[PDB]
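Let me begin by presenting the structure, written as C-alpha cells, before commenting on it.
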Amino acid sequence: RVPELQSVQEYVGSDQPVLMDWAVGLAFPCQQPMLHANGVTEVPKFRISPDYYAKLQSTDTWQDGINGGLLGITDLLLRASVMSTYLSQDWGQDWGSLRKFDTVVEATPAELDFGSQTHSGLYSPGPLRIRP
Amino acid sequence: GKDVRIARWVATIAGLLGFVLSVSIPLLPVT
Amino acid sequence: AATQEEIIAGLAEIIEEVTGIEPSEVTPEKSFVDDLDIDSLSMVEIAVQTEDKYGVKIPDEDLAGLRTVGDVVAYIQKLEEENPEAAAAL
Amino acid sequence: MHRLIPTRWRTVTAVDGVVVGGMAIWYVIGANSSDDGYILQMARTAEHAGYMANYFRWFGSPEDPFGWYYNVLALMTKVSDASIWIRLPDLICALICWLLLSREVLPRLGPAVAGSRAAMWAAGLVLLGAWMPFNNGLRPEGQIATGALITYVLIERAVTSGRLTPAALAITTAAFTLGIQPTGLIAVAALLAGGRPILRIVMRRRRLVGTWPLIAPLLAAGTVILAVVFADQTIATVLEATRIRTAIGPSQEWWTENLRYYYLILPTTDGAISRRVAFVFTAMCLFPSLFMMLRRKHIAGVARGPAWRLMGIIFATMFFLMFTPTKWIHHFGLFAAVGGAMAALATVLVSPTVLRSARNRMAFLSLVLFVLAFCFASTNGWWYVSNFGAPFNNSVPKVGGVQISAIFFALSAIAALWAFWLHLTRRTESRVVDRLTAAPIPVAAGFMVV
Amino acid sequence: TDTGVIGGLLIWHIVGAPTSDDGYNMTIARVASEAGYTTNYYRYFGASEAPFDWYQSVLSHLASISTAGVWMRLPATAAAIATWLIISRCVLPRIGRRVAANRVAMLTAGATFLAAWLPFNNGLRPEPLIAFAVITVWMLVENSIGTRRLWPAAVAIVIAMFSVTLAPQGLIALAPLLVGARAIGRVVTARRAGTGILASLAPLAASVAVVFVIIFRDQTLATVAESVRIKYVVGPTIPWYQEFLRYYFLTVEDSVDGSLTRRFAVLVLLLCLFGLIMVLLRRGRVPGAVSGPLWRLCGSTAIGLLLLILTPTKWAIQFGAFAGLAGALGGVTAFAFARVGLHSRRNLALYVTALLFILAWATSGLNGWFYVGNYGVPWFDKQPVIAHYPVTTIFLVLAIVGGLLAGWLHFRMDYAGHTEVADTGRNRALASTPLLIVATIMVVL
Ligand SMILES: CC(C)(COP(=O)(O)O)[C@@H](O)C(=O)NCCC(=O)NCCS
Ligand SMILES: CC[C@@H](CO)NCCN[C@@H](CC)CO
C-alpha cells in the first residue's frame with residue numbers, strides 16, 4: 001500500500017474535544033482538552049497516547065476506571081479504534097498512537113436544572129462511592 | 001507618651017486577632 | 001585604661017567567631033577590607049556581638065570611619081578616657 | 001539602611017556569564033520534566049471547572065491544601081500555553097537561586113570560600129548539573145528549592161543584624177513554600193537549624209519590650225497561609241478528598257523510604273546518567289566534609305556556625321524526605337542549591353592547604369573517580385520527546401567493546417593502589433599529587449554538564 | 001556470661017530454624033561421593049563447584065556417618081563457641097584491661113553476639129566459618145604487632161587463604177591484614193640489619209601460595225576456568241554498581257528474608273561502628289581502652305563492609321560474616337558511651353532516641369524464618385501488634401519525643417550554663433544499660 005497522508009493539526013482541528021493522556025500535554029499545545037463543569041464531562045472524539053511500553057504500563061493503569069480515572073466513562077460510552085500514524089522523516093520511531101471514538105448509540109446532551117444552597121463549613125452529605 | 005508604648009499594643013492586638021481569624025477560615029459558611 | 005594588647009585580644013576573639021580569621025592575623029596595621037577580607041555586612045555583626053558582650057553602642061555614624069585596627073583601639077581608648085562612667089562590672 | 005545592593009553584590013566574574021548563558025539556552029534546547037502535560041491539562045481546565053480539580057484520577061477531587069501555585073499557571077494560560085512562555089517561573093527562579101547562592105551564601109561561609117575561584121566554579125557547575133535534568137519542566141521543585149534558599153538567607157540576615165523582622169518573614173516564606181507541595185517540608189529544616197541563635201535574640205530583646213509584642217506577630221506570620229489555602233475549598237471537602245487519595249492512591253508509608261534509592265540504581269529512563277548527579281555530587285561532598293569538620297576545629301578561613309547549619313539543613317532534608325505520600329526520583333531536584341553550596345565548601349576543605357597529606361587527597365580523588373564510574377553506568381535516555389535523537393538513548397555508553405564506567409573504575413582502582421602505597425611507606429610530600437588533586441570536583445561536574 | 005551464651009547457643013542447636021541453603025548443600029554432599037566430583041546438582045549443566053568446594057568435601061565425609069540434621073550442623077556450633085571464647089578471652093582483654101573488667105560491658109557484648117549470630121548462622125553455609133576466620137585472623141595480627149614476631153602473621157595468611165576459598169564473600173578475612181600491614185611492615189623493617197628483607201618476606205609469600213594447592217587439588221586450570229565461565233554466562237549475577245541492592249534486600253516489606261531480627265542485627269552494628277568512629281574523631285581517644293587496637297578494630301569492619309562490593313551475589317543473609325565483629329563492637333561501644341553520656345545530659349538522650357529509632361525501623365517487618373521454621377512462630381505473616389495498634393509507630397513517636405527532649409536540652413547550655421550532672425551508683429546505671437536492655441529483649445524474643 002502507498003498511503004495518502006495528512007497532518008494531525010489539519011485532520012484534528014483545535015475545536016473538537018480530545019482526551020490526551022497525562023504524558024502528551026506539551027507536544028500538543030493547540031488541541032482542546034475535554035472540559036468538565038458541574039460534575040458533568042464532555043464527550044471526546046479522539047484519544048492521544050504515548051508510545052507502546054509507556055501507554056501499556058503507566059497511563060492505562062493511572063487513568064483506570066476503578067481508581068477514579070477517565071477511562072471509566074469512555075469504555076461505557078464509546079468504542080476506540082486505532083489509526084495509522086507516522087512521524088514525518090523519522091520512520092521507525094514510535095511517537096505514540098491516535099485513536100478514534102465511535103458512539104454506541106446516538107444521544108444528545110442533557111439540560112441539568114440548577115440551584116443554590118448555603119452550607120456551614122462543616123456540612124457533609126455523606127461519603128463518596130469508591131470501592132465495593 | 002512614647003511611641004514604643006503604642007507599637008507594643010499594635011503588635012499584640014492585630015497580631016492575636018490576625019491569628020484567631022486565620023483558624024476560622026476553614027470553618028465559615030460557603031455557598 | 002584598657003591596654004592595647006587586651007583591646008586587640010578582645011576584638012580578635014569576636015573576629016574569629018564571626019568570620020573565622022585566626023587571631024594571629026589581627027595586627028594594628030591591617031585594614032578591615034583589603035588585607036582582612038571583612039565586608040561591612042560582617043562589621044555590623046562584629047559591632048552587634050561587641051555590644052552583646054560589653055555594653056558598647058558603636059553607631060553607624062562612626063562604624064564607617066574605622067579603616068584599620070589602630071582606628072578601633074584609638075576609638076575605644078578615647079571613649080573610655082573621656083567618660084569616667086565605664087562600669088566594667090562583668 | 002545606607003543603600004540597596006550592598007557593595008559585595010556589585011561584582012562580575014567569569015562564572016556568572018557561564019551559568020546565565022548555559023541556563024538561558026538549556027531553557028530553549030533542553031529537556032523537560034515528566035509531569036508537564038499533567039499540570040498543563042490540570043491548569044487549562046481549572047477555570048471552566050471552577051475548583052482546580054485533579055483531572056486524571058481520584059473521582060475529580062481537587063488539590064486539597066496544595067494548590068496555590070497552580071492557580072498562577074491557570075492565570076498564565078490566559079495569554080498563551082506555548083512551551084516557551086508557560087515555563088518562565090522556572091527560569092526566573094534559577095536566576096534568583098544563582099544570585100543568592102553566589103552573593104549571600106558563599107560570602108557567609110568565611111573569607112576562604114569567597115576568596116577561592118575553584119569554589120565558585122564548583123558551586124556554579126553543581127547548581128547547573130542539579131538543575132538541568134530536574135527543574136526545567138512544570139514540576140514545582142525549583143520553586144521549593146528557591147523558597148528553602150530564601151528562608152535560609154533571611155534567617156542568616158536575622159542572625160547577622162540581630163533583629164526579628166527577617167526571622168518573621170522567614171516563617172511566612174516557609175509556610176508559603178510548604179503550601180505548594182507536601183514535599184515542601186524541606187523548608188522548616190532551615191528554621192530548625194537556626195533556632196538557637198533566634199532564641200538568643202528573643203530572650204535578649206524580651207527584657208526591653210516584653211514577650212507578647214515579640215511572640216504574637218510571630219504567630220500571625222505563621223498562621224496566615226490558611227486564608228490562601230482555604231479560599232475556595234473547605235475543611236470538610238479537604239478531609240473527603242484526603243480520604244479518597246489515601247484509600248486509593250499510592251500512600252507509601254514512611255518505612256518504605258528505600259524505594260527512592262532503589263529506583264535510582266536501575267538502568268532505566270527514570271534513573272539515567274544525568275539523573276544521578278543531583279544526589280551523588282551532594283552525598284560525596286557532604287560526608288567527608290562532615291568527617292573532616294569533626295576532627296578539625298580551626299580551619300583558618302571557615303566560620304563554624306554557618307558551615308554547621310548547612311550540613312544540618314541537608315541532613316534534616318534527607319530526614320524529612322520520608323513521611324511524604326510518594327517516593328519518586330523527581331524529589332531529588334530539591335538539592336539543587338544546597339548541593340551547590342556544599343560543593344563549594346568541600347572544594348575548600350579538601351584543598352592542598354587544608355588537607356596537607358598526599359594520601360588523603362589521593363583517596364578523595366579515588367572516591368571522585370568511583371562516583372563518576374557509578375554515574376556513567378546507565379543509559380542516556382530522556383522522558384518522552386527529549387529522547388528523540390539522543391546519542392546513547394537506549395544503551396550503556398561504550399567507547400568500543402568496553403564501557404565507560406569500566407575505565408573510570410580502573411582509574412579509581414589505580415588511584416586506590418597509589419594511596420595504599422603512599423600509606424605503607426609513610427609519605428606526605430608527593431609532587432604529582434599536588435598537580436592531580438587541585439579542584440577535582442569542578443572538573444568532575446563540568447564533565448557531566450558538558 | 002560464657003555460661004549464658006553457651007547455653008543459649010546449645011539450646012538453639014535443637015529448637016532452631018535452618019537457613020535456605022541447607023537442602024542444597026546437603027544434596028551436594030550426598031551425591032558428590034559418586035559422579036567423581038563435587039557437582040552442582042540443580043543447575044549449570046552439571047558444572048563443578050571448582051573454586052569453592054573444600055567445605056563440601058568435608059560435608060561429604062560427615063554425611064557418610066549420619067544424615068541427621070542435628071549431626072551435620074555440628075561444625076557450625078563449635079565455630080560459634082570458639083568465636084565467643086575468643087571474643088571473651090583474647091579480644092576484650094586486649095582492647096583494655098578496664099573494658100574487660102566492667103560487668104556491664106561483658107553482658108552487653110554477649111547479648112549483642114547472640115543477637116547477631118542467631119538470625120543468620122544456623123545452617124550448612126560457610127558464614128559460621130568465615131565469621132570465625134575473621135576474628136581469629138584479627139587476634140593473630142594483634143599478637144604479631146605487639147610481642148614482635150612474624151610467624152603469627154604467617155599463620156594468619158594461611159587462615160585467610162582458607163577463608164577466601166569458602167565463598168566469594170569470604171574475602172573480608174583479608175581486611176584485618178590490610179589494616180595491620182603498616183604495623184607489620186614496621187615490625188619487618190626492624191630486622192634489616194640482622195637478617196635482611198628476603199628471609200622475612202619469602203615465608204609470607206609461601207603462605208599466599210597455598211590457594212593453588214587448595215583449589216587445584218582435584219581439578220585442572222582449564223576446568224576451573226570453564227566452571228567459572230558457565231556460572232557467569234548462565235546464573236544470575238549483579239554488577240558492582242548495584243551494591244545498595246543488598247541493603248534494599250535487607251529492608252523490604254513482607255519478606256521472610258529481611259525480618260525484624262536481621263534488620264536489628266545489622267542496624268545495631270552500623271550504629272556501633274559509626275558511633276565509635278565519631279567518638280574517636282571528636283574526642284582524641286576513649287579513656288580506659290587502648291586506642292591502638294581500637295582503630296584497627298574499627299578499620300577492619302569498615303574495610304570489610306567496603307570489600308563486599310566485588311561479590312557476584314548480594315543476598316541479605318551474607319551479613320552473618322560480621323557476627324564476630326558485632327559482639328566485640330557492642331561491648332566496647334557500651335563501655336565508651338558510658339562516660340560520654342554520664343557527663344552530658346543530651347548525649348544520653350541522643351543515644352536513647354537513636355536506639356528507639358532503630359527499634360522503630362526494625363519492628364516494621366515480619367518475624368518469619370523459612371519454609372518449615374515458621375510453624376507456630378507468633379508474628380510470622382503480619383507485622384507485630386499489641387492489641388490493635390501497630391507497634392512500629394509507638395517507637396517512632398517515642399523517638400520523636402526523645403529528639404524534642406534532646407533539642408530542648410541543647411537549647412539550654414546558653415542560659416543554665418554547663419552543668420556537671422553526677423557520678424553515683426545510679427547515674428552510672430542508666431548510662432550503660434541501653435543497648436543491653438534492647439539486645440536482651442531481642443534475644444528473649
Ligand atoms: C548593610 C549595609 C548597611 C552595609 O553594607 P555596605 O557597607 O557594603 O554598603 C548596607 O549594605 C545595607 O543597608 N544593605 C541593605 C540592602 C540589602 O541587604 N538587600 C537589598 C535588597 S536584597
Ligand atoms: C505515575 C505518574 C506520576 C509521576 O510519575 N504522577 C505524579 C502526580 N503528579 C501530581 C502533580 C505534579 C498530581 O497532583
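By convention in this document, the chains of the C-alpha cells carry letters A, B, ... by their order, each chain's residues are numbered from 1, and ligands are numbered from 1 in the order they are shown.
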
Around ligand 1, out to 6 Å and counting only C-alpha atoms and all ligand atoms, which residues are there? I want them as a list in words. residues 40 and 41 of chain C; 1, 2, 3, 4, 5, 6, 7 and 8 of chain D

Output for the residues just chosen: N, CA and C atoms as a PDB file, in the first residue's frame:
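Listed below is the output, again-v2.pdb:
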ATOM      1  N   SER C  40      31.476  44.899  55.115  1.00  0.00           N
ATOM      2  CA  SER C  40      30.803  45.649  56.168  1.00  0.00           C
ATOM      3  C   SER C  40      29.584  44.922  56.716  1.00  0.00           C
ATOM      4  N   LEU C  41      28.989  44.012  55.943  1.00  0.00           N
ATOM      5  CA  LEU C  41      27.929  43.170  56.484  1.00  0.00           C
ATOM      6  C   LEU C  41      28.434  42.245  57.581  1.00  0.00           C
TER       7      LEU C  41
ATOM      8  N   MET D   1      19.331  51.377  56.834  1.00  0.00           N
ATOM      9  CA  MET D   1      19.998  51.013  55.594  1.00  0.00           C
ATOM     10  C   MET D   1      20.607  52.252  54.952  1.00  0.00           C
ATOM     11  N   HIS D   2      21.841  52.112  54.472  1.00  0.00           N
ATOM     12  CA  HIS D   2      22.527  53.204  53.801  1.00  0.00           C
ATOM     13  C   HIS D   2      22.459  53.101  52.287  1.00  0.00           C
ATOM     14  N   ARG D   3      22.001  51.969  51.761  1.00  0.00           N
ATOM     15  CA  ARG D   3      21.869  51.750  50.328  1.00  0.00           C
ATOM     16  C   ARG D   3      21.196  50.402  50.126  1.00  0.00           C
ATOM     17  N   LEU D   4      20.793  50.151  48.887  1.00  0.00           N
ATOM     18  CA  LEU D   4      20.426  48.821  48.434  1.00  0.00           C
ATOM     19  C   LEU D   4      21.536  48.295  47.535  1.00  0.00           C
ATOM     20  N   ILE D   5      21.507  46.989  47.284  1.00  0.00           N
ATOM     21  CA  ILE D   5      22.564  46.317  46.528  1.00  0.00           C
ATOM     22  C   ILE D   5      23.889  46.542  47.249  1.00  0.00           C
ATOM     23  N   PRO D   6      24.121  45.880  48.394  1.00  0.00           N
ATOM     24  CA  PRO D   6      25.367  46.089  49.146  1.00  0.00           C
ATOM     25  C   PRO D   6      26.620  45.928  48.299  1.00  0.00           C
ATOM     26  N   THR D   7      27.731  46.508  48.757  1.00  0.00           N
ATOM     27  CA  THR D   7      28.932  46.615  47.936  1.00  0.00           C
ATOM     28  C   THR D   7      29.570  45.272  47.607  1.00  0.00           C
ATOM     29  N   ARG D   8      29.133  44.178  48.225  1.00  0.00           N
ATOM     30  CA  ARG D   8      29.629  42.861  47.855  1.00  0.00           C
ATOM     31  C   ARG D   8      28.785  42.203  46.773  1.00  0.00           C
TER      32      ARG D   8
END

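For residue B:4, the non-local neighbours within 10 Å, defined as residues at least 5 positions apart in the same chain or in other chains and counting only C-alpha atoms, are residues 9 and 10 of chain B; 209 of chain D.
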
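Picture a line from atom CA of residue D:105 to atom CA of residue D:278; it runs 19.0 Å.
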
Using only C-alpha atoms, determine which residues lie at most 10 Å from residue D:86, disregarding the query and same-chain residues fewer than 3 positions distant; provide the list as JSON, numbers by chain. {"A": [26], "D": [40, 73, 74, 76, 77, 79, 80, 81, 82, 83, 89, 90, 137, 138]}

Identify which of the residues D:391, D:194, D:305, D:249 lies closest to ligand 2, counting only C-alpha atoms and all ligand atoms when measuring atom-to-atom distances. D:249

Enumerate as a JSON list (two decimals) with C-alpha atoms, in the first residue's frame the residues within 7 Å of ligand 2, counting only C-alpha atoms and all ligand atoms.
[["chain", "number", "residue", "atom", "x", "y", "z"],
["A", 58, "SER", "CA", 1.91, 3.95, 33.04],
["A", 62, "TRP", "CA", -3.13, 5.50, 36.16],
["D", 34, "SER", "CA", 7.72, 14.12, 33.01],
["D", 35, "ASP", "CA", 4.67, 15.74, 34.67],
["D", 38, "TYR", "CA", -0.32, 16.52, 33.65],
["D", 39, "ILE", "CA", -0.06, 20.06, 35.09],
["D", 54, "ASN", "CA", -7.22, 16.65, 39.70],
["D", 63, "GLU", "CA", -5.58, 19.61, 45.20],
["D", 139, "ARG", "CA", 7.07, 20.28, 38.33]]

Under the rule of at most 9 Å, produce a per-residue listing of chain D near chain B: chain, number, name, the closest pair of atoms, and the distance in Å, as a tab-separated table, using only C-alpha atoms.
residue	atom	partner	partner_atom	distance
D:209	CA	B:8	CA	7.1
D:210	CA	B:8	CA	8.4
D:212	CA	B:12	CA	6.0
D:213	CA	B:11	CA	5.0
D:214	CA	B:11	CA	7.5
D:215	CA	B:12	CA	8.1
D:216	CA	B:15	CA	5.1
D:217	CA	B:15	CA	4.9
D:218	CA	B:15	CA	8.1
D:219	CA	B:19	CA	6.4
D:220	CA	B:19	CA	4.7
D:221	CA	B:19	CA	8.2
D:222	CA	B:19	CA	8.5
D:223	CA	B:19	CA	5.9
D:224	CA	B:22	CA	6.0
D:225	CA	B:22	CA	8.0
D:226	CA	B:22	CA	5.9
D:227	CA	B:22	CA	6.0
D:229	CA	B:26	CA	9.0
D:230	CA	B:26	CA	5.9
D:231	CA	B:25	CA	7.9
D:232	CA	B:30	CA	8.7
D:233	CA	B:26	CA	8.0
D:234	CA	B:26	CA	5.5
D:235	CA	B:26	CA	5.3
D:236	CA	B:26	CA	8.6

Store the residues picked out above, limited to C-alpha atoms, as a PDB file, in the first residue's frame.
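The resulting file, out32.pdb, is reproduced below:
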ATOM      1  CA  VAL D 209       9.631  45.373  75.413  1.00  0.00           C
ATOM      2  CA  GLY D 210       8.220  42.077  76.706  1.00  0.00           C
ATOM      3  CA  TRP D 212       3.869  39.146  73.710  1.00  0.00           C
ATOM      4  CA  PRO D 213       4.852  42.048  71.388  1.00  0.00           C
ATOM      5  CA  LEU D 214       7.543  39.666  70.092  1.00  0.00           C
ATOM      6  CA  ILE D 215       5.548  36.411  70.065  1.00  0.00           C
ATOM      7  CA  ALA D 216       2.145  37.467  68.695  1.00  0.00           C
ATOM      8  CA  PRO D 217       3.468  38.823  65.354  1.00  0.00           C
ATOM      9  CA  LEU D 218       5.410  35.559  65.022  1.00  0.00           C
ATOM     10  CA  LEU D 219       2.079  33.723  65.356  1.00  0.00           C
ATOM     11  CA  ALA D 220       0.208  35.956  62.910  1.00  0.00           C
ATOM     12  CA  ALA D 221       3.057  35.447  60.432  1.00  0.00           C
ATOM     13  CA  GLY D 222       2.982  31.662  60.712  1.00  0.00           C
ATOM     14  CA  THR D 223      -0.813  31.327  60.648  1.00  0.00           C
ATOM     15  CA  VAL D 224      -1.601  33.326  57.523  1.00  0.00           C
ATOM     16  CA  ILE D 225      -1.440  30.732  54.714  1.00  0.00           C
ATOM     17  CA  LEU D 226      -4.785  29.320  55.859  1.00  0.00           C
ATOM     18  CA  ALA D 227      -6.542  32.307  54.254  1.00  0.00           C
ATOM     19  CA  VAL D 229      -5.248  27.568  51.213  1.00  0.00           C
ATOM     20  CA  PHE D 230      -8.928  27.666  52.244  1.00  0.00           C
ATOM     21  CA  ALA D 231     -10.059  30.467  49.928  1.00  0.00           C
ATOM     22  CA  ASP D 232     -12.272  28.304  47.699  1.00  0.00           C
ATOM     23  CA  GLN D 233     -12.248  24.923  49.463  1.00  0.00           C
ATOM     24  CA  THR D 234     -13.485  23.837  52.910  1.00  0.00           C
ATOM     25  CA  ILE D 235     -12.191  21.621  55.715  1.00  0.00           C
ATOM     26  CA  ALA D 236     -14.922  19.044  55.036  1.00  0.00           C
TER      27      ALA D 236
END

Got a sec: who's within 9 Å of residue A:98, counting only C-alpha atoms, leaving out chain neighbours fewer than 4 positions off, as a PyMOL selection string? chain A and resi 46-49+81-85

Please identify every residue of chain A that has at least one atom no more than 7 Å from any atom of chain D, counting only C-alpha atoms, and report them as a list in words. residues 22, 23, 24, 25, 26, 29, 35, 36, 37, 63, 67, 68, 69, 70, 121, 122, 123 and 124 of chain A

Selected residues written out, C-alpha atoms, as a compact mmCIF listing (two decimals), in the first residue's frame:
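Once written, selection.txt looks like this:
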# COMPACT_ATOMS: atom_id res chain seq x y z
CA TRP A 22 -1.20 12.84 31.14
CA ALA A 23 2.10 12.50 29.24
CA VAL A 24 1.16 14.19 25.94
CA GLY A 25 0.42 17.75 27.00
CA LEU A 26 3.32 19.94 25.92
CA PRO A 29 -0.49 22.76 22.84
CA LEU A 35 -13.63 20.16 29.80
CA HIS A 36 -15.98 19.50 32.70
CA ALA A 37 -18.30 21.70 34.74
CA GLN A 63 -6.34 6.65 34.44
CA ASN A 67 -9.48 4.34 40.77
CA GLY A 68 -11.33 7.41 39.53
CA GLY A 69 -9.54 7.78 36.21
CA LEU A 70 -11.03 8.99 32.95
CA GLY A 121 -18.08 24.81 56.53
CA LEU A 122 -18.62 21.53 58.42
CA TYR A 123 -21.55 20.12 56.45
CA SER A 124 -21.03 16.81 54.67

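Comparing D:300, D:373, D:259, D:164 by their smallest distance to chain C, the closest is D:300 (using only C-alpha atoms).
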
Using only C-alpha atoms, which protein or nucleic acid residues come within 7 Å of stretch 10-19 of chain A? Drop anything in the same chain fewer than 3 positions from it, and give the result as number ranges by chain. A: 6-7, 30-34, 44-48

Which residues of chain D come within 9 Å of chain E, and what is each one's closest atom pair and distance in Å (one decimal), counting only C-alpha atoms, sorted by chain and residue number, as JSON lines?
{"residue": "D:195", "atom": "CA", "partner": "E:411", "partner_atom": "CA", "distance": 8.3}
{"residue": "D:196", "atom": "CA", "partner": "E:411", "partner_atom": "CA", "distance": 6.1}
{"residue": "D:199", "atom": "CA", "partner": "E:411", "partner_atom": "CA", "distance": 8.2}
{"residue": "D:200", "atom": "CA", "partner": "E:414", "partner_atom": "CA", "distance": 8.2}
{"residue": "D:255", "atom": "CA", "partner": "E:361", "partner_atom": "CA", "distance": 6.8}
{"residue": "D:256", "atom": "CA", "partner": "E:253", "partner_atom": "CA", "distance": 7.6}
{"residue": "D:258", "atom": "CA", "partner": "E:248", "partner_atom": "CA", "distance": 6.5}
{"residue": "D:259", "atom": "CA", "partner": "E:248", "partner_atom": "CA", "distance": 8.1}
{"residue": "D:261", "atom": "CA", "partner": "E:244", "partner_atom": "CA", "distance": 8.3}
{"residue": "D:262", "atom": "CA", "partner": "E:248", "partner_atom": "CA", "distance": 6.8}
{"residue": "D:265", "atom": "CA", "partner": "E:242", "partner_atom": "CA", "distance": 6.0}
{"residue": "D:266", "atom": "CA", "partner": "E:242", "partner_atom": "CA", "distance": 7.7}
{"residue": "D:291", "atom": "CA", "partner": "E:281", "partner_atom": "CA", "distance": 7.8}
{"residue": "D:292", "atom": "CA", "partner": "E:281", "partner_atom": "CA", "distance": 8.8}
{"residue": "D:294", "atom": "CA", "partner": "E:282", "partner_atom": "CA", "distance": 5.5}
{"residue": "D:295", "atom": "CA", "partner": "E:281", "partner_atom": "CA", "distance": 5.0}
{"residue": "D:296", "atom": "CA", "partner": "E:282", "partner_atom": "CA", "distance": 8.4}
{"residue": "D:373", "atom": "CA", "partner": "E:241", "partner_atom": "CA", "distance": 8.4}
{"residue": "D:374", "atom": "CA", "partner": "E:241", "partner_atom": "CA", "distance": 5.9}
{"residue": "D:377", "atom": "CA", "partner": "E:241", "partner_atom": "CA", "distance": 7.5}
{"residue": "D:423", "atom": "CA", "partner": "E:182", "partner_atom": "CA", "distance": 7.7}
{"residue": "D:424", "atom": "CA", "partner": "E:182", "partner_atom": "CA", "distance": 5.4}
{"residue": "D:425", "atom": "CA", "partner": "E:182", "partner_atom": "CA", "distance": 8.1}
{"residue": "D:426", "atom": "CA", "partner": "E:182", "partner_atom": "CA", "distance": 8.9}

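Shell of stretch 29-31 of chain C at 10 Å, with only C-alpha atoms counted and residues fewer than 5 places along the chain excluded, is residues 36, 37, 38, 66, 67, 68, 69, 70 and 71 of chain C.
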